[PDB]
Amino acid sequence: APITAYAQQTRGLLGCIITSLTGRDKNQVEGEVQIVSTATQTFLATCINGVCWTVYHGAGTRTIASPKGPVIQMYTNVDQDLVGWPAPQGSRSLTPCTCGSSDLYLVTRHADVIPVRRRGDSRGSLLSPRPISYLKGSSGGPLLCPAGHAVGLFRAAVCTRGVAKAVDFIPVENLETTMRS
C-alpha cells in the first residue's frame, strides 16, 4: 500500500488556549502525528516507538496537556533540537526505518506527502519544490521511507526567493542517542 494521510482538527483557538493554561486535555487521541500548538505557534509532533517527539524550537521545555494534567518531557536535547513526551494514550507509533532507502516522503500538516531525495544523513531535496508557506507548520513532522517507517523529523527548509527546494531533518538515529542521553 502507498503512503496516504488525512488530517482532522480536534480543537479550536479558544479551546486550545484554555487547555494550554489548564494543562488538562480530555479529548481522545488517534493517529501517528499530532498537530500541536503553543500560545505562540503551531507545528507537528510524531509518535515513534511509544514517544511523542517534536522539535525543540517549537516546544521548548513545555509540558504537554493530557487528560491527567500537564506531562513533563521525557527527553529534551537542545543540541539535537528534540523533545519527547510519552505518547498520548490513543496514538499509534511509527517504527524507525530499516532499509536504508534514500527516497523519503515528508508528511505535511495538511496531510500531503511530498517526495524528497536523501542527500546526506540530515538532508534531502524536494523532487518538486513548494512555497515555504506550504511547509510552514510542519516542523516535527515525519520523513517516511517507502515502507512508512520514520527516517527523520522535518526541522528546517532550504529555500530561496521564498521557494524551498530542500529540507533539513533530524534522523531517527539522533532520537536513540537522545534517549540514552
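So that there is no doubt, residue numbering starts at 1 and follows the sequence shown. Throughout, rigid core stands for the largest set of C-alpha atoms superposing within 1.5 Å between the two forms.
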Item to complete: May I ask which stretch, 123 to 131 or 28 to 36, sits farther from the shown form in 4 other deposited structures of this protein once every structure is superposed on the core, judging by RMS CA distance?
Response: 28 to 36
Practice prompt. State which stretch shows the higher mean Cα B factor in the entry: 104 to 112 or 76 to 84.
Written response: 76 to 84
Item to complete: Would you mind comparing 118 to 126 and 59 to 67 for me and telling me which has the higher average C-alpha temperature factor in the entry?
Response: 118 to 126
Worksheet item: Highest Cα B-factor in the PDB entry belongs to which of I132, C52, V151, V29?
Response: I132
Response to the item:
In terms of its chain's C-alpha B-factors, the third that includes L44 is the lowest
Worksheet entry | Modelled-residue ranking by C-alpha temperature factor, third containing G15 | lowest
Fill in: CA B-factor ranking of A147, expressed as a third of its chain
highest
Worksheet item: Considering only modelled residues of the same chain, in which third does the CA B-factor of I3 rank: lowest, middle or highest?
Response: middle
